[PDB]
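**Q** Quick one: structure below, then a few questions.
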Amino acid sequence: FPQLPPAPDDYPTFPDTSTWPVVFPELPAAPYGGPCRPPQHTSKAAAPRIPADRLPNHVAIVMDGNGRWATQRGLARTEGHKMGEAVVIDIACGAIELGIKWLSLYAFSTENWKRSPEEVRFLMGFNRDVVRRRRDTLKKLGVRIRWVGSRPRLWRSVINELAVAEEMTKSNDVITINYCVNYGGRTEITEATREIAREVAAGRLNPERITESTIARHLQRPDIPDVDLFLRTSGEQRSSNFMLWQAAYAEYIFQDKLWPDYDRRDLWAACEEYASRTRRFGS
Amino acid sequence: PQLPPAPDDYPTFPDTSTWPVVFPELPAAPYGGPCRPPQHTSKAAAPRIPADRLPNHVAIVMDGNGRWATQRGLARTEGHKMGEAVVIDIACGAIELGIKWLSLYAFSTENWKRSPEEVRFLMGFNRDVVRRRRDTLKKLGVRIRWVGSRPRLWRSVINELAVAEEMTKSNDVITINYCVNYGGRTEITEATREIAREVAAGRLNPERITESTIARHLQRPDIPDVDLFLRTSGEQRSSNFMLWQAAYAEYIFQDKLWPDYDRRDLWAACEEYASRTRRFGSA
Ligand SMILES: C=C(C)CCOP(=O)(O)OP(=O)(O)O
Ligand SMILES: [Cl-]
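Protein sequences appear in the order of chains A and B.
Just so it is clear: in the first sequence, position 113 is 169 by the numbering used here, and no numbers are missing.
Just so it is clear: in the second sequence, position 131 is 661 by the numbering used here, and no numbers are missing.
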């Protein structure tokens with residue numbers, strides 16, 4: 057009954073946004089290893105008690121509003137993105153405290169190449185750096201993290217940092233984070249169709265035996281479960297090609313606040329709302 | 531691009547004092563062809579929304595029929611009976627507003643999980659509705675056709691729609707995708723299968739499959755992207771509807787139950803759409 061209890065009062069907190077990048081606190085040693093308890097929120101709030109059967113198994117988040125948050129303050133959009141890093145880690149910590157098993161984060165879409173070259177170059181380098189900067193912490197929290205996305209145009213440096221993070225965390229099981237970079241739902245489905253086509257060309261698949269499960273089995277990360285709860289910040293109400301196959305049956309909750317203002321309490325509030333609702337027939 | 535407001539003398543719809551709802555006889559157009567649709571009972575006129583802010587394609591999940599009836603001490607089938615006039619009313623309103631494409635979720639692949647008594651009713655009802663209404667739909671310049679999956683669907687339903695399709699194939703006021711036994715994943719799977727057969731026959735190189743290849747092999751490849759995705763009853767799910775096509779759609783979730791719905795609600799949803807900013811990855 058799956059939440060971590062309220063942390064010890066003196067347990068380290070996160071995030072302190074008075075420095076950039078944010079300092080992830082040193083955590084107390086654990087007597088016999090295993091994953092470390094994540095730092096509690098600055099507010100010292102505790103995760104709501106929700107039965108495991110009523111939790112969303114898989115939460116997907118479109119982390120929207122970074123640039124707007126910056127423009128609103130008369131700053132360059134890339135400054136908003138910088139604040140979003142601490143929020144990603146805060147949300148990871150809060151997902152663990154709540155007992156969420158799967159988290160997918162929309163870091164960069166196949167359509168975001170439409171943004172300015174300066175912004176694209178920044179996001180590519182930033183995602184590379186964030187992964188290197190945070191994967192040791194993620195590992196110690198028992199996070200299993202890996203890349204989900206498409207190869208063309210994506211900086212090899214980003215793929216490489218996530219590949220190391222993936223190898224480092226492949227045996228972890230507290231939570232899995234799908235770090236989606238150069239991700240597009242239609243493209244991922246297209247890539248599965250291509251893999252299916254190759255299998256058929258090789259004679260290893262009869263076209264007449266292709267089902268929905270065949271597609272699922274040939275997606276890039278076939279272990280990703282259906283999305284239960286699809287969250288988006290900034291007041292936008294669209295899925296924007298995120299987890300397209302996997303979120304076919306997801307419930308959507310749209311939260312108005314901008315990603316840099318978001319925190320784990322906001323994740324919990326959406327999960328509570330999801331959990332509280334009478335589950336309708338056929339769901 | 532709206533029709534100008536109808537004269538106060540022009541016939542109205544729906545008149546719910548009998549069942550099924552009788553569609554009124556209309557006067558003749560100026561040389562031309564399609565009849566001007568009957569105005570709403572309230573005689574309300576469509577809002578003036580410019581072409582560049584209007585949705586080209588609206589998708590509607592018609593939800594809440596059964597709960598409407600339950601609420602009133604009525605068998606669920608009575609709610610479906612009341613929703614039938616609402617479909618026509620929304621068709622009339624779509625034409626008034628200038629919507630070019632309308633997709634309606636008449637029956638999902640998940641709906642096989644309902645009671646056999648309800649499934650048998652819904653099959654026979656859709657059969658009869660298409661038969662009863664296609665002549666009117668033709669006169670209004672509606673191009674209507676079936677979108678969906680063949681296995682399990684009653685042959686009579688497919689046939690009535692095939693007849694409606696042939697009768698209205700040269701109409702161009704509005705296109706209605708009447709989606710029966712439809713599932714987004716299933717539709718994509720069916721495309722993948724078509725592609726797999728071509729690969730098996732030596733006619734397609736797997737390495738040449740692109741997103742466009744999938745689009746070209748969907749059942750109805752002419753259906754454009756969904757701009758506005760609407761669902762009634764307050765439920766915030768796409769439920770596998772127009773899955774490929776709605777990847778970048780705007781979502782509007784309205785609380786109204788479908789038998790209570792009318793064209794003014796469609797227009798209100800379109801006004802909300804008209805001042806949302808779409809980015810498609812940009813900015
Ligand atoms: C996590 C975010 C917000 C980046 C995804 O951009 P999108 O392409 O998915 O979003 P829109 O352009 O439709 O606003
Ligand atoms: Cl329940």
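Each residue gets a CB set at the ideal place from its N, CA and C atoms; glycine is no exception.
Do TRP684/B and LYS611/B count as a contact pair if the criterion is CB distance below 8 Å?
**A** Here the question's residue 611/B lines up with position 81 in the second sequence. Here the question's residue 684/B lines up with position 154 in the second sequence. Taking 8 Å as the Cβ cut-off, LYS611/B and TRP684/B do not qualify as a contacting pair.
**Q** Can you give me the Cβ contacts of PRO751/B inside the same chain, cut-off strictly under 8 Å, excluding the 5 residues immediately before and after it?
**A** Working through the second sequence from its first residue, we reach residue 751/B at position 221. Excluding residues within five positions, the ones whose Cβ falls inside 8 Å are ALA745.
**Q** Between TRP631/B and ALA721/B, what straight-line distance do the alpha-carbon atoms span, to the nearest angstrom?
**A** For the purposes of this step, residue 631/B is identified with residue 101 of the second sequence, where counting begins at 1. For the purposes of this step, residue 721/B is identified with residue 191 of the second sequence, where counting begins at 1. Roughly 22 Å between the two C-alpha positions.
**Q** Tell me whether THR548/B sits in a helix, a strand or coil according to DSSP, three-state version.
**A** By 1-based counting over the second sequence, the position of residue 548/B is 18. If DSSP states are grouped into helix, strand and coil, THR548/B belongs with coil.
**Q** Quick one: which chain B residues come within Cβ less than 8 Å of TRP125/A?
**A** Taking the first residue of the first sequence as 1, we reach residue 125/A at position 69. The contacting residues do not exist; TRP125/A stays about 14 Å from chain B at best.
**Q** With a cut-off of 8 Å on the beta carbons, I'd call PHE543/B and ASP619/B a contact; round off their distance for me.
**A** On the second sequence, position 13 is the one that residue 543/B refers to. On the second sequence, position 89 is the one that residue 619/B refers to. Yes, they are in contact, since the Cβ atoms of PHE543/B and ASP619/B sit about 6 Å apart, within 8 Å.
**Q** What residues sit near ligand 2, counting only those whose C-beta is closer than 5 Å to one of its heavy atoms, in chain order?
**A** Going by the Cβ distance cut-off, the answer is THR334/A and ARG335/A.
**Q** Taking the continuous alpha helix (DSSP H) assigned at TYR803/B, which residues delimit it?
**A** Here the question's residue 803/B lines up with position 273 in the second sequence. Element bounds for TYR803/B: 793-803.
**Q** For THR740/B, which residues in chain A fall below 7 Å Cβ to Cβ?
**A** As a working note, residue 740/B is residue 210 in the second sequence. Per Cβ cutoff of 7 Å: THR246.
**Q** Tell me whether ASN168/A counts as near ligand 1, meaning its Cβ is closer than 7 Å to at least one heavy atom of that ligand.
**A** In the first sequence, residue 168/A corresponds to position 112, counting from 1. For ligand 1, at least one heavy atom lies less than 7 Å from the Cβ of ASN168/A.
**Q** Could you tell me whether the Cβ atoms of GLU640/B and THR607/B are closer together than 8 Å?
**A** If you number the second sequence from 1, residue 640/B lands on position 110. If you number the second sequence from 1, residue 607/B lands on position 77. Cβ distance not < 8 Å, so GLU640/B and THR607/B don't count as in contact.
**Q** Inspect the beta-carbon positions of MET653/B and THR762/B and report whether they are closer than 8 Å.
**A** Stepping through the second sequence from its first residue, residue 653/B is reached at position 123. Stepping through the second sequence from its first residue, residue 762/B is reached at position 232. Going by C-beta atoms, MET653/B is not nearer than 8 Å to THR762/B.
**Q** In chain order, which beta strand (DSSP E) runs of at least 3 residues are fully inside the stretch 209-293 of chain A?
**A** Listed in chain order, the complete beta strand (DSSP E) runs (minimum 3 residues) inside the stretch 209-293 of chain A are 231-239 and 285-288.
**Q** For a cutoff of 8 Å on Cβ pairs, would you count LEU179/A as touching chain B?
**A** On the first sequence, residue 179/A is found 123 positions in, with the first residue counted as 1. No, its Cβ sits nowhere closer than 8 Å to a Cβ of chain B.
**Q** Taking only the alpha-carbon atoms, compute the straight-line gap between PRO535/B and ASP702/B and give it to the nearest angstrom.
**A** As a working note, residue 535/B is residue 5 in the second sequence. As a working note, residue 702/B is residue 172 in the second sequence. Between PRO535/B and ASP702/B, the C-alpha separation is close to 21 Å.
**Q** Output needed for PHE783/B: all residues of its chain with C-beta closer than 6 Å, excluding positions within five of it in sequence on either side, in chain order.
**A** Start at 1 with the first residue of the second sequence, and residue 783/B comes out as number 253. Excluding residues within five positions, the ones whose Cβ falls inside 6 Å are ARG761 and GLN766.
**Q** Tell me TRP631/B's beta-bridge partners as DSSP assigns them.
**A** Residue numbering aside, residue 631/B sits at position 101 when the second sequence is read from its first letter. Answer is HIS587/B and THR705/B.
**Q** Taking contact to mean at least 3 C-beta pairs separated by less than 8 Å, is the stretch 193-208 of chain A in contact with the stretch 262-270 of chain A?
**A** In short, these stretches do not touch, since the Cβ pair count stays below three.
**Q** Any beta carbon of chain B sitting closer than 8 Å to that of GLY140/A?
**A** Within the first sequence, residue 140/A is the residue found at index 84, counting from 1. It does not; no Cβ of chain B falls within 8 Å.
**Q** Excluding the five sequence neighbours on either side, which residues of its own chain have a C-beta within less than 6 Å of the C-beta of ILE233/A, listed in chain order?
**A** For the purposes of this step, residue 233/A is taken as the residue at position 177 of the first sequence. Only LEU159, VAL199 and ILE201 meet the Cβ criterion.
**Q** Taking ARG727/B as the query, report the chain D residues whose CB atoms sit under 9 Å from its CB, ordered along the chain.
**A** Absence of chain D from the displayed structure is noted, the protein chains being A and B.
**Q** Identify the continuous alpha helix (DSSP H) that holds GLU175/A and give its terminal residues.
**A** As a first step, residue 175/A is located in the first sequence; it is residue number 119 there, counting from the start. Looking at the DSSP string, the run of the alpha helix (DSSP H) that includes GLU175/A is 173-196.
**Q** At 4 residues or longer, what runs of the alpha helix (DSSP H) sit wholly inside the stretch 101-147 of chain A?
**A** Fully enclosed alpha helix (DSSP H) runs of 4 or longer: 122-128.
**Q** Listed from N- to C-terminal order along the chain, which residues in the stretch 772-790 of chain B have their beta-carbon within a distance smaller than 9 Å of any beta-carbon of chain A?
**A** The stretch 772-790 of chain B vs chain A, Cβ under 9 Å: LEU773, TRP774, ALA776, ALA777, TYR778, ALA779, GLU780, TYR781, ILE782 and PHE783.
**Q** For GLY121/A, which residues in chain B fall below 8 Å Cβ to Cβ?
**A** The count along the first sequence starts at 1 and reaches residue 121/A at position 65. Here the premise fails: no neighbours, minimum Cβ distance about 12 Å.
**Q** Rounded to whole angstroms, how far is the Cβ of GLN59/A from the Cβ of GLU153/A, which I believe are closer than 8 Å?
**A** The residue given as residue 59/A occupies position 3 in the first sequence. The residue given as residue 153/A occupies position 97 in the first sequence. So it is a contact: roughly 6 Å between Cβ atoms.
**Q** Have a look at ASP109/A, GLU264/A, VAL78/A and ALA126/A and flag the residue whose alpha-carbon is nearest the alpha-carbon of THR334/A.
**A** Within the first sequence, residue 334/A is the residue found at index 278, counting from 1. For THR334/A, the nearest C-alpha among the options comes from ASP109/A.
**Q** Can you tell me the Cα-Cα spacing of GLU724/B and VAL588/B, whole angstroms?
**A** Residue numbering aside, residue 724/B sits at position 194 when the second sequence is read from its first letter. Residue numbering aside, residue 588/B sits at position 58 when the second sequence is read from its first letter. Answer to the nearest angstrom: the Cα atoms are 27 Å apart.
**Q** Do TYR235/A and ligand 1 come close, with the Cβ less than 7 Å from some heavy atom?
**A** Mapped onto the first sequence, residue 235/A falls at position 179. It does not: the Cβ of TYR235/A is nowhere closer than 7 Å to a heavy atom of ligand 1.
**Q** Using a C-beta cutoff of 8 Å, does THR334/A count as contacting chain B?
**A** As a working note, residue 334/A is residue 278 in the first sequence. Output row for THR334/A: interface = no.
**Q** Just to check my reading of the structure: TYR305/A and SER769/B have Cβ atoms closer than 8 Å, yes? What is that Cβ distance to the nearest angstrom?
**A** In the first sequence, counting from the first residue as 1, residue 305/A sits at position 249. In the second sequence, counting from the first residue as 1, residue 769/B sits at position 239. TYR305/A to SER769/B, Cβ: 6 Å. Contact.
**Q** Measuring alpha carbon to alpha carbon, tell me which residue in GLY205/A, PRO263/A, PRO107/A and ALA86/A is nearest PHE57/A.
**A** As a first step, residue 57/A is located in the first sequence; it is residue number 1 there, counting from the start. That would be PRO107/A, whose Cα lies nearest to the Cα of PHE57/A.
**Q** Looking at the C-beta of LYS170/A, does it have a partner C-beta in chain B at a distance below 8 Å?
**A** Against the first sequence, residue 170/A aligns to sequence position 114. True, the Cβ-Cβ gap to chain B drops below 8 Å.
**Q** If you measure from the beta carbon of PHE810/B to each beta carbon in chain A, is any gap under 8 Å?
**A** Numbered from 1 along the second sequence, position 280 holds the residue referred to as residue 810/B. Yes - at least one Cβ of chain A is within 8 Å of the one on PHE810/B.
**Q** Nearest-angstrom Cα distance between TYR791/B and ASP785/B?
**A** On the second sequence, residue 791/B is found 261 positions in, with the first residue counted as 1. On the second sequence, residue 785/B is found 255 positions in, with the first residue counted as 1. Rounded to whole angstroms, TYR791/B to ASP785/B spans 10 Å at the Cα level.
**Q** Between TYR330/A and ligand 1, is there a pair consisting of the residue's CB and a ligand heavy atom that are separated by less than 7 Å?
**A** Numbered from 1 along the first sequence, position 274 holds the residue referred to as residue 330/A. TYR330/A Cβ: outside cutoff for every heavy atom of ligand 1.
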